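2 protein chains.
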Amino acid sequence: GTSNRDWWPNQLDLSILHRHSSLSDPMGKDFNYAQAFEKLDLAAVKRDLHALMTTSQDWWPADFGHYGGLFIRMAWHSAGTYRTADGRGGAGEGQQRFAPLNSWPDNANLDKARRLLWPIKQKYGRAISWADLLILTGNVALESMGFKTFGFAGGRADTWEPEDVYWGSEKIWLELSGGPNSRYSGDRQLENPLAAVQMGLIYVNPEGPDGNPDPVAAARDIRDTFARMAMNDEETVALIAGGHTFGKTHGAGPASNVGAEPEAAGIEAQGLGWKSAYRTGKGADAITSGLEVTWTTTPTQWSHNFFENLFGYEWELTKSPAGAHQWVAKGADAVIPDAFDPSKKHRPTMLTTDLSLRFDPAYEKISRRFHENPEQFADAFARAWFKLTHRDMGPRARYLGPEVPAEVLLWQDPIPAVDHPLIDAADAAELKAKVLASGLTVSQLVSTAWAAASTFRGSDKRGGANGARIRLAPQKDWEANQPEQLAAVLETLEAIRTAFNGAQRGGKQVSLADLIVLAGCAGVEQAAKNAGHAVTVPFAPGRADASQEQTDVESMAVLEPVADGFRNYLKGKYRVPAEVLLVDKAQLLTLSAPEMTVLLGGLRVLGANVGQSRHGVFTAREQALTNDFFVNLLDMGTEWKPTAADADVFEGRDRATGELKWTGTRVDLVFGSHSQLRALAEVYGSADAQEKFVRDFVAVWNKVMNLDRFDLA
Amino acid sequence: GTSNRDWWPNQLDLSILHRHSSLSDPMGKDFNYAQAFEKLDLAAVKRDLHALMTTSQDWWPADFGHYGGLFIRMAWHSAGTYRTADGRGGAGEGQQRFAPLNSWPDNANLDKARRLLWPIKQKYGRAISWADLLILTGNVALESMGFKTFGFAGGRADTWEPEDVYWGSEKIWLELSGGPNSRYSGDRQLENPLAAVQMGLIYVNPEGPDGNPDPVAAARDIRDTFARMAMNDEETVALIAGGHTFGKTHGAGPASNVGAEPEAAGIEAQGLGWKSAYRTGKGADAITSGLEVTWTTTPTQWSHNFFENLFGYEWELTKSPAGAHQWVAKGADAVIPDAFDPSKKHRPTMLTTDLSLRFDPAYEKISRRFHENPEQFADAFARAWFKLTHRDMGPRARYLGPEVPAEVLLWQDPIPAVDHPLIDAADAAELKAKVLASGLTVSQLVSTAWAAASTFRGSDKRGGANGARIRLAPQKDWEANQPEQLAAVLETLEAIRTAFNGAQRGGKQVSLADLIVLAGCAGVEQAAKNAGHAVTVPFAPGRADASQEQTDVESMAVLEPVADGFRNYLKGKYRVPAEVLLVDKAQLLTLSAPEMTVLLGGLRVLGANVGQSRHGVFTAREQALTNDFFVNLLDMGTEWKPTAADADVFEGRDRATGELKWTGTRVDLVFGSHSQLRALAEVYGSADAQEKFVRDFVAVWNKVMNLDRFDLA
Ligand code: HEM
Ligand code: HEM
Ligand SMILES: Nc1ncnc2c1ncn2[C@@H]1O[C@H](COP(=O)(O)OP(=O)(O)O)[C@@H](O)[C@H]1O
Ligand SMILES: [Cl-]
Ligand SMILES: [Cl-]
Ligand code: NA
Ligand code: NA
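Chains as they are written, first to last, in the entry's author numbering: chain A, 36 to 748; chain B, 36 to 748.
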């Protein structure tokens, strides 16, 4: 059946904004996963998981009699899709169980691992999400094998459909680089926002770059991809060597024996895939990656034998039974156990990417330290494993259960506790009047609060106005935030704050974070009053102010808006059309298409554009909250044409006289072009719509201001 | 950006079930369009539309100074996509303003027509939908040009995103027959459910079949496509000749001058398309279809000139200025006015498909009768226009406003008015006890009610349990309804009915329609009791019983389920996989995926399968309402394989012994295979889910029983 996407493959896709509707969710509209989790007997879940580790099923027999290695790989791949560029991927939504991730070649046979967990999922039901269970299972695996984890938090609610993520443009699984849809350009520069080297891989190719078995070159790809997953050198080495303390790879025969991935398999496979015609198809005969390596002499027990072997042997290039490149220890004795036959032993083996840990010079220093000091290794691995598996969970207020680590980690973007009474409704009214009496304008107040709150992204729940990180490096200097203008606003608000706080009794005070938001609220109320409408914008206090020392400047870089269509802002010229970047930002904000449309049209007329640009400001009463953006955009009396100077800027002229009325960008005019967006614009540009536009604008503004308020959930 | 549909282009698409969420709808969740419409000043709207008729805009100047022909075409196209096979298409959702229909070649320049209406739409806002406005406009165009319409009803709520309709499989607009994705096979047999001859046409090709200008052959295509739009020969001749009493076609120069359709155009085009480089690109120079025909001597006034011209001249084949085949009157004088230049006149001209009305022998007899009795023509056209524009609106209870025709038409599937007291809760309890005491089983009660209610489709709001048409021809004889079993259940219910009704005073009586549904409710209650659960199922009385003479047996044929996954029924072997047909049915029933899931699993254990098939009956307690379907389907202790006899039937055997435990179809097993469906099945097959399953099942059952209850809306 031919679809709209077939006829118009480059038209903008709004379906991404309308995922996760109540229609697709089997749980009631009142279901609260945190409340269910908080009553889970977590210790009981863990006991059942511990038992499972050594209860082999004959349909996928346990290597060494222990499923721990398999489950650790499972949890690492669940988390391993994360990209810092956009926060997408990660373990936080349990997306491994849906397409495409359930059928990526790097996730081969994890379908088996998830199926092993159905009896426990079934027993506990809604009180433990798949998303939490995948991670918990990896932690129990670790514990069962003698490794002390750093802790665990629940709270990852399940999702019910695939997320729309850009994983690359290749049309062939695992395509090598340099194809017509190459994700690499220049000197091996990987395109943002990607964080894997080949389509369908987690991070890197275990044979080496595009299959070339050079550990030094592979190290480059490890370092780049791991950094794009928010891991530094120490963390990277700790993770890889920690993981590869356990279990084995699977490559017992040729890969041509392996059948269709789950999404392609027949209905009778019941959601499993990669059925193998090689011998028994499983166990001793398993084929997963095609490699056949077993790293340590005790694959079912924590040890420091990975680095003992890495450094204690010289390594020879060899081939697995499937033909993949891998390495074997020269001259070694057969000291590695076989997974099924207690009479067989094997020489030590390694992946190309394992040898990167010794042959890259910066890795080698860390790896040596960890070899000489395994307690340092263990602690780094524990810390890195917690980070890996929690990096997309959001603020610590979302962490549930009895095993949450008390230590506050800098990567969590922590917010200090509030230890004083909060402002009440009368205080809020007093502050809004003081802010308006200062002389700050509607535009300055709206723009400041927008800048502070719109850093949120729902992908990894980072950003937002909590913390008042807008006053700190690097936010205070981002171009989109208008550094000089911002500094002036912040100085004014800080003076109002000082004055109010100095007047109080009983310890009541207002944080700068709360006052930035409140001041934006006052701006929107004032703009409504400028239009003739008396409205109260909701405000919820309780944000706190973070310090510079609590703020990782390098980690915060990925949150810089380089494209913010809500402020008509593009930092440079991109391949992707600006309207596509608008919808991407709207999705990060968690906005629907109606929400996106009302918000943008209101921001344009409040003066929120960076640089005071007139593009899209289709009103003669700027700083009044009206629907003028939509009424003027939709006026057929105006004709639009791209400018000669810039194809991305348009002039709107009166059709009869030629008189210049307006200018606009692609982000402004998509609302009058796209057939779905134009239908939304029409509602708000109708003669009956002024009350509705104000009400809906206020509601979406409040939604944005509150995106990171998990303290109120 | 590669998507899941790219990787797995034949996996089932559940997005069709989660359209029309509250996320994409800009109106509040409590918006009620009927209440808005009922307060519209419809008379005011009609005055504005009358004014618009002759208010020419320079960007698309009005032919003859009157937009009435353009608007008639616009409304006839809005309606003209309707297909009786599935009820999809039609005017009722205003879908002409969205992709793909806004850009079909046959809808060229209707973008202009819609844009002329924006000022009126803006003025009246939410109180008139686009969907109602398009039809109202057509009516006013006819009235303006001297034709008295049969009536008009409002109530077509707007929609906010495209419907997922199968329009065909061709990948080329307008492709002629016999290609790789041909919609024709055999003896020019058009594939169900399509009702057009070429991709992007409304019904037929105006040059003739595949472009061949044979009026007799064209008439075969006219007859078939119009029958697939619910129109008979009389209706067809009346509509074509009535439409073509007005206006003209547009083909002033070669089609290669015409640019991108709306969804392909540049952002500056602001939602319009088909910009033409030919001369002024509009008005006298317009190119729409490529034909250049004006049918009557008064194109802006109702006349009897269409049939005068058709019969009064002999016709010669010629070409338009764009090269399209059309006909010109031999020897005629230049009597047809020019649309723009009072000094030019033209000879009478006709399309191939107009000549079909004279050269097909059955049409010729009707055409002659209309030529000799123009009052008959006028009345037939008025009735056909009303049908055309209301065919998809559903029961008359949904018709709004002061111009609704009082006359009840057979095609409306009319339900008699209720003129007696209805049964109350105490009476319902008495009837349910009588039904359970009669010996009817859970299976018989559930299956009967299911058969009665599940004929509803939301596409055209036809079907459902109101009317008790299950007792009439042809529903009573449909294979899926199990005619012999049905007759025995109906005879028992009719005896209960008669006994109850004869005992009442004051006029109270229960309809058979209500009793069917109530007895199904008693079946579900009894099944829940059989499972240990104490459940009351909601019931709303007020259905009435329609007569056989109120039930057009040929129009009812399209409602026959040839595939009904809910009863594991397939009438024959089809090219479309059964699970796609299940999703199709769910969409017609208005079900989400969770609703489809719970419903199907419950129906399987209640004994609703046709023929008492064991396929998917995964329980040892049939006729008890439990979640057994899910718990057993998901048990990894069972392995599934297709049977040797039939690749579409599967056997589930114990993995350890080989012993046969169950059999199932594709519709049963897709719930254990599709990664989204299986995530839903998991919820209902969890240990905590029995009460959730029962409650959800009751809710969805109640939903289905009330789908046609627009008397209660
Ligand atoms: C450069 C990064 C990495 C590469 C290229 C990589 C590669 C692979 C490959 C090819 C396999 C074999 C799959 C199979 O055939 O069964 C595997 C297994 C495994 N990986 Fe990694 N890995 C990486 C990092 C990690 C990390 C960060 C962890 C966890 C902290 C991890 C834990 C494991 C474990 C436990 C197994 C064994 C699975 C079993 O016993 O079934 N790996 N690795
Ligand atoms: C066999 C069925 C039919 C065929 C093949 C057909 C074909 C067409 C074509 C090709 C045009 C010219 C488009 C353009 O170049 O502007 C047209 C115009 C039009 N049709 Fe039809 N038609 C059919 C039935 C109808 C019916 C059922 C109605 C309404 C009751 C209708 C009303 C009109 C009107 C009013 C115009 C004039 C448009 C204008 O003045 O701008 N047609 N038809
Ligand atoms: N309209 C009704 N008439 C009679 N009983 C009802 C009605 N609606 C709900 N109930 C009963 O109340 C129970 C729970 O009510 P509710 O909270 O509305 O959720 P649901 O959408 O599951 O019906 C139902 O399972 C049914 O037995
Ligand atoms: Cl994601
Ligand atoms: Cl439709
Ligand atoms: Na994420
Ligand atoms: Na329809």
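The beta-carbon is built from N, C-alpha and C at its ideal position, and this holds for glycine as well.
Setting aside the 5 residues that flank it on each side, B:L390 is surrounded in the same chain by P250, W350, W362, each with a C-beta closer than 7 Å to its C-beta; the list follows chain order. At least one beta carbon of chain B lies nearer than 7 Å to the beta carbon of A:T37.
Distances from the CA of B:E657 to each of B:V572, B:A503, B:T476 were compared; the closest alpha carbon is that of B:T476.
Residue pairing for B:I170: DSSP places it in no beta bridge.
Residue state for B:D368 is assigned as coil, using DSSP reduced to three classes. B:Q131 counts as buried, since no fewer than 16 other beta carbons sit within 10 angstroms of its beta carbon.
The C-alpha of B:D670 is placed about 19 Å away from the C-alpha of A:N144. With a cutoff of 7 Å on beta-carbon distance, B:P140 and B:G235 are scored as near each other. With a threshold of 6 Å, the Cβ atom of B:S721 does not count as near ligand 7, since no heavy atom of the ligand is closer than that. Chain A has no Cβ within less than 7 Å of the Cβ of B:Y219.
In this structure, B:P244 has its beta carbon at no less than 6 Å from each heavy atom of ligand 2. What B:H568 touches in chain A, judged by beta-carbon distance under 8 Å, is nothing: the nearest beta carbon there is about 18 Å away. For B:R123, the shortest C-beta to heavy atom distance toward ligand 5 is below 6 Å.
The three-state secondary structure of A:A176, taken from DSSP, is helix. In the three-state scheme derived from DSSP, where H, G and I count as helix and E and B as strand, B:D599 is classed as strand. Burial state of A:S355 is buried, judged by a 10 Å Cβ sphere holding 16 or more other Cβ atoms. With a threshold of 7 Å between beta carbons, B:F133 makes contact with chain A.
The shortest CA-to-CA distance from B:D512 to any of B:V239, B:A486, B:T533, B:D495 is the one to B:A486. Between A:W675 and chain B, the shortest Cβ-Cβ separation is below 7 Å.
In the pairwise beta carbon analysis, the segment 283 to 297 of chain A is classified as touching the segment 309 to 329 of chain A: at least three pairs are separated by under 8 Å. Neighbourhood of B:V705 in chain A, by CB distance below 7 Å: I302, in chain order. With a threshold of 6 Å, the Cβ atom of B:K283 counts as near ligand 2, since some heavy atom of the ligand is closer than that. For the pair A:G104 and A:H85, the Cα-to-Cα distance works out to about 13 Å. Inter-segment contact for the segment 393 to 412 of chain B and the segment 339 to 350 of chain B is present: three or more beta-carbon pairs are separated by less than 8 Å.
Boundaries of the alpha helix (DSSP H) harbouring B:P250: 250 to 262, taken from the DSSP string. DSSP places B:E242 outside any beta strand (DSSP E), giving it a letter other than H or E.
Looking at the backbone, the Cα of B:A319 and that of B:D98 are separated by about 8 Å. If you ignore the 5 residues before and after B:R506, its C-beta comes within less than 7 Å of the C-beta of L525, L547, all in its own chain and listed in chain order. Here A:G243 really is in contact with A:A252; their C-beta atoms are around 6 Å apart, less than 8 Å. The DSSP-derived three-state label of B:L236 is coil. Residues of the segment 719 to 736 of chain A that bring their beta carbon within less than 7 Å of a beta carbon in chain B comprise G720, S721, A722, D723, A724, in sequence order. No Cβ-Cβ contact shorter than 7 Å links A:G707 with A:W697. A:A679 counts as exposed, since fewer than 16 other C-beta atoms from the protein chains shown sit within 10 angstroms of its C-beta.
Counting along the chain, A:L641 sits inside the alpha helix (DSSP H) bounded by residues 628 to 641. In the displayed model, B:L52 falls within a helix according to three-state DSSP.
Taking 7 Å as the cut-off, the beta carbon of A:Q583 is found no closer than this to the beta carbon of A:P449.
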